[PDB]
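Trainee: once you've seen the sequence and the experimental structure below, I've got questions.
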Amino acid sequence: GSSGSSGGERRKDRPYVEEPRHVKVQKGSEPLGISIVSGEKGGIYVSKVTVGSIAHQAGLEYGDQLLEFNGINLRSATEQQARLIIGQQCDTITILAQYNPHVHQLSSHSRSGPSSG
């Protein structure tokens, strides 16, 4: 037979990287309001976080690599999906972030105005 179970083992080993955390979000029939970007051979990364929006309230910031969204796997989730997964409809949703001291970049937007639409 079989059912399922999990377990770990805490040892005196370096943390390597700031362990993952679970940030709760109190949407309440509202959007998150955050930008995400996909990496060549990586995962999803916060590109921005509207201030005053759910996210903000939750306390989300840029660089915070989204590991899992309410369970979903962002590691595989694409920018188009992440932009949706996060833009879902859930009164209360959680996020599994994990600050990574290896994402210090910056870039400027493209030159354009109110075009295309």
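Mentor: Arrived safely, thanks for sending. Numbers count the residues shown, from 1 in each chain.

Trainee: now do the SS call for residue 56.
Mentor: helix (DSSP: H, G, I helix; E, B strand; the rest coil).

Trainee: can I assume it is in contact with residue 46?
Mentor: No: contact criterion C-beta atoms under 8 Å: residue 56 and residue 46 do not qualify, at 11.9 Å. C-betas here are computed from N, CA, C, even on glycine.

Trainee: which one's more surrounded, the two?
Mentor: The neighbour count for residue 56 versus residue 46, taken as other C-beta atoms under 10 Å, is higher for residue 46 (21 against 15).

Trainee: my read: the more buried one touches residue 63, true?
Mentor: Yes: contact criterion C-beta under 8 Å: residue 46 and residue 63 qualify, at 6.3 Å.

Trainee: the strands in this structure, which residues?
Mentor: Along the chain, the stretches classed as strands by DSSP state E are 21-26, 34-38, 44-49, 65-66, 68-69, 72-73, 92-97.

Trainee: what lines up beside the fourth one in the sheet?
Mentor: Read that as strand 65-66. Its sheet considered, strand 65-66 pairs with strand 44-49 (antiparallel) by DSSP bridges.

Trainee: could you do the fifth one as well?
Mentor: Taking DSSP bridges as the criterion, strand 68-69 sits next to strand 72-73 (antiparallel), strand 92-97 (antiparallel) in its sheet.
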